[PDB]
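Please read the structure below before turning to the comments.
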Amino acid sequence: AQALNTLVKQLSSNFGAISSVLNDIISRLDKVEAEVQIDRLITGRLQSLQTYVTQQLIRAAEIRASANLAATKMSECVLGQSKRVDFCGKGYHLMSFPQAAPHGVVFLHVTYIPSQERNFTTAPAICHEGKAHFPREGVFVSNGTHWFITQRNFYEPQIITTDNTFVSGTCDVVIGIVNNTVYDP
Amino acid sequence: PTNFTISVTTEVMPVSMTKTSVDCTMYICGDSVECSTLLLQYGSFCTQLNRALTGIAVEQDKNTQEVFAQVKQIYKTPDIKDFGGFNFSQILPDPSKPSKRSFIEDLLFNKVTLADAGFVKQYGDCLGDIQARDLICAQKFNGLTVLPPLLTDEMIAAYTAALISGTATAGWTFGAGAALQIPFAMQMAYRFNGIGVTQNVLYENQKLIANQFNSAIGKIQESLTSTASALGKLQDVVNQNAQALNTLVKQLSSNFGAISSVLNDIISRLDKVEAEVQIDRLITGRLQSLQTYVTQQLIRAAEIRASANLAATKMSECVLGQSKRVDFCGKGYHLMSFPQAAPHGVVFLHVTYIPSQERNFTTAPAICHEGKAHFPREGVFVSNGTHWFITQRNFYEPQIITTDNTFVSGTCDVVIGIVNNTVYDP
Amino acid sequence: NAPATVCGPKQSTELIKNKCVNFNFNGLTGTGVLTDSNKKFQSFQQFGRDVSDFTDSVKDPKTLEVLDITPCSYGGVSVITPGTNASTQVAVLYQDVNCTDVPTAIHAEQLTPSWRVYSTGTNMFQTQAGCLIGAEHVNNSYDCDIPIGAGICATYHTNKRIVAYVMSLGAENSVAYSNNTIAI
Ligand SMILES: *[C@@H]1O[C@H](CO)[C@@H](O[C@@H]2O[C@H](CO)[C@@H](O)[C@H](O)[C@H]2NC(C)=O)[C@H](O)[C@H]1NC(C)=O
Ligand SMILES: *[C@@H]1O[C@H](CO)[C@@H](O)[C@H](O)[C@H]1NC(C)=O
Ligand SMILES: *[C@@H]1O[C@H](CO)[C@@H](O)[C@H](O)[C@H]1NC(C)=O
Ligand SMILES: *[C@@H]1O[C@H](CO)[C@@H](O)[C@H](O)[C@H]1NC(C)=O
Ligand SMILES: *[C@@H]1O[C@H](CO)[C@@H](O)[C@H](O)[C@H]1NC(C)=O
Ligand SMILES: *[C@@H]1O[C@H](CO)[C@@H](O)[C@H](O)[C@H]1NC(C)=O
Ligand SMILES: *[C@@H]1O[C@H](CO)[C@@H](O)[C@H](O)[C@H]1NC(C)=O
Ligand SMILES: *[C@@H]1O[C@H](CO)[C@@H](O)[C@H](O)[C@H]1NC(C)=O
Ligand SMILES: *[C@@H]1O[C@H](CO)[C@@H](O)[C@H](O)[C@H]1NC(C)=O
Ligand SMILES: *[C@@H]1O[C@H](CO)[C@@H](O)[C@H](O)[C@H]1NC(C)=O
Ligand SMILES: *[C@@H]1O[C@H](CO)[C@@H](O)[C@H](O)[C@H]1NC(C)=O
């Protein structure tokens with residue numbers, strides 16, 4: 001709106017002519033004297049139009065980049081679940097919902113934010129019967145007396161069994177290993 | 001592959017350019033009131049130019065804020081920089097040095113020359129000089145000024161240090177919610193699991209991996225210290241801005257079809273009616289020069305904004321997390337990234353996993369045992385010549401083919417290239 | 001750019017220096033500030049130029065001394081406003097000048113007394129982007145409201161008044177790193 005209003009208000013400039021009104025120049029002067037002033041006004045107004053078109057092209061490029069980003073977000077967050085960090089909201093992305101807006105789109109990003117953390121004593125691996133046991137999906141935690149295995153983003157302590165862990169080698173190279181027992185069904 | 005290389009590479013991205021402001025009455029007309037009165041008849045050219053330049057100047061600070069201020073928790077730099085053998089000392093600030101930047105950041109800030117030193121110029125430096133006219137003084141005398149950025153280099157360095165400290169202490173967790181602490185060896189084991197390698201490889205080779213990381217950081221130091229033209233893009237941005245300003249200054253000596261390029265000669269040699277024509281010609285030429293400069297500055301600002309958007313995306317997806325996108329944050333499997341503050345930009349130190357020392361093996365799609373086809377869960381079936389094993393794809397760790405490593409689908413008559421062998425059962 | 005041989009019947013005027021005045025030297029007119037110059041100029045030449053064809057120096061026809069020509073208000077001046085329908089007080093930022101040189105840079109003796117109010121005062125301090133007059137420097141740290149530049153921001157109130165402060169990067173936090181503890 002400001003660009004259009006500026007383009008309208010630019011018509012009241014003389015651009016070096018005797019008047020900004022074409023009718024005054026035509027009615028007050030003969031043909032030869034009027035061609036100079038009309039050419040000055042034509043050059044000024046053509047410059048104004050070219051300036052408006054250039055700014056509109058640059059703004060169109062910026063709007064096109066924003067729309068490409070919006071289409072990418074529609075593809076990757078509304079039609080799917082995104083693993084990209086902070087692409088569709090703070091936290092782990094669950095789902096997104098588009099909403100129509102004037103000259104735009106509003107995305108409602110549903111995210112997972114873990115909270116209420118608790119300190120635990122942790123170990124990289126468990127040495128049991130001379131064998132090093134490493135967790136499959138999660139970490140080894142201790143509540144003070146017993147050692148459990150739980151997922152990283154939610155505290156769900158489980159009994160350390162042979163199905164939860166896997167064996168690689170001996171418990172002599174891993175730094176910080178902790179001796180404990182591994183249950184066997 | 002039977003071995004690997006921990007590779008650290010640099011990516012240099014422009015973020016912002018110099019914020020410039022133009023006074024039309026000083027540039028087009030200087031101090032003469034006749035030219036100012038005649039310029040008042042040209043309407044709102046200069047309001048438009050000032051609006052565009054102000055938008056560019058605001059967008060530069062917006063770019064810097066979007067790149068560096070993603071996290072608003074300023075984590076303190078740890079006292080002990082060694083995290084499980086990973087040195088981390090050259091990317092974090094040194095408490096024993098007066099500069100609040102890191103060693104790598106201090107190397108980077110000395111690589112960009114910054115010949116366009118506007119601020120170094122103050123009142124009294126352009127006046128009383130023993131000749132030797134400067135281009136910055138000519139810029140200031142003609143209404144062209146350079147505005148300082150909102151964030152100083154110290155605050156950007158503080159943001160970078162907070163990001164690196166949060167990555168070292170909490171890893172990927174503080175980019176989503178609250179910072180959850182974790183030992184750095186376990187964080188690197190999780191990142192190894194992310195790239196597809198089991199964590200036993202990280203734990204059994206922790207000293208070697210830490211040594212490779214430290215050696216790669218040192219190689220980055222030597223490459224920044226010795227090899228010139230490493231910060232090419234930031235230097236090009238600085239040179240383009242300075243040369244555009246110098247061209248705008250030098251365009252004031254053009255007649256544009258008038259009798260002289262000096263306004264005072266035209267005013268003092270001619271009466272009012274004859275001088276209006278020449279002054280209008282000079283005004284039209286100088287307005288054309290200003291409009292051209294503003295248009296080129298807007299296009300360059302759009303390019304810089306695209307680069308800053310890419311840099312902010314890389315900061316979100318590689319510093320605050322682990323990226324599965326191929327070649328997005330360095331060649332190889334991405335482990336972690338560290339930002340470094342640069343003049344008018346950011347330098348990303350991408351730590352990547354590059355497998356090496358490959359060995360030929362005879363492979364089979366599946367194993368036919370007792371009329372049943374066994375397919376590997378995570379890995380491939382390999383043979384050393386006599387015995388068949390199962391190993392992960394990116395690291396040779398041969399294992400006994402058991403019923404837990406594989407799964408059964410059907411009979412061994414449809415799969416092309418199946419190999420008869422025995423599957424162990426505990 | 002040669003000594004004048006034939007001149008008009010114009011009467012001369014005593015020199016006025018360190019002021020924004022109109023001048024006329026050997027028919028070369030202009031407007032600026034005249035100051036004593038240490039410039040050395042080759043003989044039989046009168047005025048000094050620039051790369052932008054700006055007359056910065058001129059030889060006096062009577063005292064035979066070179067004088068600098070400085071444009072009136074060549075420095076940048078920014079005004080910080082909380083806004084109409086909020087207040088009428090303003091703060092002025094004189095870019096890239098020292099606070100003691102503000103009356104000389106803006107020629108405060110030639111201005112209105114309302115403009116001479118903002119030329120000096122107790123609420124002045126260097127902000128690394130220039131001298132800020134009209135805002136008091138508080139020791140607190142807030143989020144940015146009006147970006148002055150170089151780490152300085154301004155806001156209304158904190159009797160409402162304009163204050164200037166160093167912007168806050170964010171909340172200070174600490175993570176207790178340990179090699180055997182994790183947070184779940
Ligand atoms: C991290 O690397 C730095 C740089 O190589 C090491 O700091 C240097 O250490 C040597 C050997 O002790 C000293 O002679 C230098 O004076 C140190 N330089 C600086 C700038 O501090 C540092 O020791 C390494 N850190 C660890 C924990 O090994
Ligand atoms: C964990 O321990 C640290 C160090 O003692 C302490 O500062 C922090 O508050 C603890 N966290 C929780 C959630 O209790
Ligand atoms: C840890 O958990 C075990 C199993 O529930 C329980 O028996 C034990 O008392 C707990 N220890 C502490 C210190 O809370
Ligand atoms: C952990 O750090 C402490 C000092 O804080 C040290 O005594 C201990 O040996 C370290 N443990 C391991 C497993 O590195
Ligand atoms: C991997 O390469 C490193 C560096 O050359 C070497 O020290 C190490 O022994 C290699 N490892 C193997 C298993 O060949
Ligand atoms: C694998 O075999 C091919 C074909 O014989 C040979 O060219 C290649 O060098 C071998 N690769 C290795 C790593 O020995
Ligand atoms: C293959 O590996 C097995 C098990 O370690 C070993 O007995 C056998 O000799 C190896 N064969 C060759 C050809 O290296
Ligand atoms: C593999 O290719 C060879 C020729 O190189 C062919 O004789 C053989 O039958 C092929 N094997 C399979 C399982 O397709
Ligand atoms: C007149 O001009 C001469 C140089 O020709 C100069 O020395 C002198 O000061 C001027 N003024 C008077 C009042 O004599
Ligand atoms: C102006 O201040 C600067 C520091 O901001 C100082 O170096 C310089 O000497 C000062 N100039 C004068 C004339 O006092
Ligand atoms: C701010 O603190 C400094 C010392 O850090 C002190 O000199 C100054 O007076 C304080 N200013 C105010 C307004 O309290």
Side-chain angles (χ1 to χ4, degrees), chain A residues 1-4 52-113, chain B residues 11-17 52 55-56 58-71 172 175-177 194 233 295 297-331 333-334 337 339 345-346 348 350:
Chain A
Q2 160 155 73
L4 269 189
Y52 169 77
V53 166
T54 299
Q55 308 288 273
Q56 207 75 9
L57 277 163
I58 296 169
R59 286 206 201 101
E62 181 218 20
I63 285 285
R64 189 186 52 241
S66 184
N68 285 336
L69 188 56
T72 306
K73 272 169 167 67
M74 196 76 107
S75 294
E76 300 193 24
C77 293
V78 177
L79 306 183
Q81 199 184 13
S82 187
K83 306 287 174 303
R84 304 167 56 180
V85 179
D86 279 6
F87 183 56
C88 275
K90 250 53 70 186
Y92 305 114
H93 171 248
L94 289 170
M95 56 192 333
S96 283
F97 306 115
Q99 289 293 276
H103 289 327
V105 59
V106 172
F107 285 107
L108 304 185
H109 296 304
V110 189
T111 49
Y112 180 95
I113 304 193
Chain B
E11 182 164 8
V12 189
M13 313 208 54
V15 172
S16 41
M17 47 180 213
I56 292 172
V58 165
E59 189 215 279
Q60 294 330 288
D61 289 316
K62 184 191 188 14
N63 290 345
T64 310
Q65 202 86 17
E66 252 144 29
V67 169
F68 287 104
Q70 301 211 1
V71 281
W172 61 94
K233 306 196 209 304
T295 299
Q297 206 75 8
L298 276 162
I299 296 168
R300 286 207 202 101
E303 180 207 19
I304 285 285
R305 190 185 53 242
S307 183
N309 284 336
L310 186 55
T313 305
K314 272 170 169 68
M315 179 81 78
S316 293
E317 298 193 25
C318 291
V319 177
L320 309 183
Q322 199 183 11
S323 187
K324 306 287 174 304
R325 301 167 57 181
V326 179
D327 282 1
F328 185 54
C329 276
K331 295 234 83 182
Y333 304 114
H334 169 248
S337 283
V346 60
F348 285 108
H350 296 305

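Residue numbering restarts at 1 for every chain, and letters A, B, ... go by the order of the sequence lines.
Considering all non-hydrogen atoms of both residues, B:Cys329 and B:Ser337 come closest at CB-OG, 4.4 Å. Among all heavy-atom pairs drawn from A:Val105 and A:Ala101, the shortest one is N-CB, 4.1 Å. Considering all non-hydrogen atoms of both residues, B:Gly321 and A:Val85 come closest at CA-CG2, 3.8 Å.
Contacts of B:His350 classified as ring pair (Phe, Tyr, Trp, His ring centres under 6.0 Å), with partners at least two apart in sequence or in another chain: B:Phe348. With sequence neighbours left out, A:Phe87 forms a ring pair (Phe, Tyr, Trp, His ring centres under 6.0 Å) with no residue at all. With sequence neighbours left out, the ring pair (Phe, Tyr, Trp, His ring centres under 6.0 Å) criterion links A:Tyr92 to no other residue. The side-chain hydrogen bond (donor to acceptor under 3.5 Å, both in side chains) test applied to A:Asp86 returns no partner, not counting sequence neighbours.
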Exercise for review: Check the pair A:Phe97, A:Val78 against side-chain contact (heavy atoms from CB on, under 4.5 Å), reporting the backbone distance first and the verdict last.
Suggested key: CA-CA 6 Å; A:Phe97 306 115; A:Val78 177; over 6 Å; no

Check your understanding: So B:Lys233 and B:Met13, side-chain contact (heavy atoms from CB on, under 4.5 Å) or not? Walk me through it.
Key -> CA-CA 7 Å; B:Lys233 306 196 209 304; B:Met13 313 208 54; over 6 Å; no

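Distance CG/A:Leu94 to CD1/A:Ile113: 10.0 Å, rounded to 0.5 Å. The CG atom of A:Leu57 lies 11.0 Å from the OG1 atom of B:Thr295; values are rounded to the nearest 0.5 Å. Note that CD of B:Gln70 and OG1 of B:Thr313 are 8.0 Å apart. Values are rounded to the nearest 0.5 Å.
Formation of a donor-acceptor pair under 3.5 Å by the B:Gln60 side chain with backbone atoms of B:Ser16 is not found in this model. The closest donor-acceptor contact from the side chain of B:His334 to the backbone of B:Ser323 lies under 3.5 Å.
Legend: salt bridge (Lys or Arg N to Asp or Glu O under 4.0 Å) pairs involving residues 68-82 of chain A, not counting sequence neighbours, sorted by first then second residue: A:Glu76-A:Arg84.
No side-chain heavy atom of B:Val67 sits less than 4.5 Å from a side-chain heavy atom of B:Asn63.
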Would you list the atom pairs, donor with acceptor, under 3.5 Å between side chains in residues 301-312 of chain B and any protein atom, with sequence neighbours excluded?
unit_1: B:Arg305; atom_1: NH1; unit_2: B:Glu59; atom_2: OE1; d: 2.7
unit_1: B:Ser307; atom_1: OG; unit_2: B:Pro14; atom_2: O; d: 2.8
unit_1: B:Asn309; atom_1: ND2; unit_2: B:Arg305; atom_2: O; d: 3.3

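Heavy-atom contacts from other residues, nucleotides or ligands closer than 6.0 Å to NZ of B:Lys324 number more than 12.
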